[PDB]
């Protein structure tokens, strides 16, 4: 008859994935383990109280309820081998095996892999003490970047060497926090590039750009993301092609060649230079948390249908359809974040019905009715013919929502709007 789907996770990315899966006519129910208040509020979704790293329990549930398809949200269950385990029990699951999940999970692995395949990336090296740092500095030369929370862009060796032992100045004994990282200076623009992979085939999905700084005009401390929009203007047709050719294909073919065939979502955080040449900053073995939200709002294809085709290695027989309209999402956070914040505040003004063209996704929320339960609480998303129009609809959509000390950036997408 009809399918039952399981989505593992409890954030905004999972609320988006589960919400989209439920739109499929093939599906009758979507379970979310453990989910949040947003998923509990959706008619077609049901929360299941099981932890993301509790593999035996997740397997037991999937078997007893006879789940037709499992979609994994976060990194934890992936690097722990939930895919290996489910596939051994003959269950359909979309995501990478623990071995393929190393692209995100192991820093050493990724650095060596990129070097062996000559995939364009950024040079870097960690340091706990000075001298081997300076030796690295004089070999690389300035400009160069030195990161701690403090990020110093040095145009000269004196400025670099000064910083390199300013951040490393202090007692290092019994303190793991006494460290820095030296990386090459890249003068370009950052963007997200996401694709679906079935091992041998790659189906491109969508791109996006975001805002990590907590304050207006990109000021203050960094966060996990305060807002994002899709598509990414910097990713032109040329930039797209160079990414697939120099980064995506070599990676997919390289993992397969080494006995670690990659399946699932592949997220690539890029840095595009002035000439349109892409470089990989990092990989995520799953959909990027925040970006997933505005991106799902633009997806016209059936997610379940695509995931099933990928599980049977037929992704090359499918296409992905996207709304021509741009999308933008604004994060509503708890006062104090990225630092300390308060939880347990009742949220007022939540929408009672879903309206076409926009959506309020939940991240750090739980049922008490609905109270705050994390730094980033909500993400209000909206569609528009231009990023300017999308921004207006999004902010208009969050008018009635509030809780004690809530806040958000008021200029998400300002750079894109100015063009």
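Numbering follows the first chain given and starts at 1.
Pick one of none, 1 to 3, 4 to 9 or 10 or more for the number of deposited-sequence residues not modelled between residue 134 and residue 135.
Gap size class: none, per the record.
When you step from residue 59 to residue 60 in this entry, do you jump over none, 1 to 3, 4 to 9, or 10 or more residues of the deposited sequence that have no coordinates?
Count of unmodelled residues in between: none.
Test of understanding: from the entry's C-alpha B-factors, which stretch has the higher mean, 174-182 or 278-286?
In the deposited entry, the stretch with the higher C-alpha B-factor mean is 174-182.
Which is higher on mean Cα B factor in this entry, 239-247 or 163-171?
Per the PDB record, 163-171.
Checking the entry, which one of 298, 116, 80, 138 has the top C-alpha B factor?
Highest C-alpha B-factor among the listed options: 138.
If you check the C-alpha B-factor for each of 293, 261, 126, 102 in the entry, which is highest?
Result of the comparison over 293, 261, 126, 102: 126.
Looking at the C-alpha B-factor of residue 36, is it in the lowest, middle or highest third of its chain?
Ranked within chain, residue 36 CA B lands in the lowest tercile.
Residue 216's Cα B-factor: lowest, middle or highest third of the chain?
Highest third, going by the recorded CA B-factors of the chain.
Within this chain's modelled residues, let me know which third the CA B factor of residue 396 belongs to: lowest, middle or highest.
Tercile = middle for this residue's CA B-factor.
Would the CA B-factor of residue 187 place it in the lowest, middle or highest third of its chain?
Ranked within chain, residue 187 CA B lands in the highest tercile.
Would you check the entry's CA temperature factor for residue 110 and let me know if it's in the chain's lowest, middle or highest third?
Ranked within chain, residue 110 CA B lands in the middle tercile.
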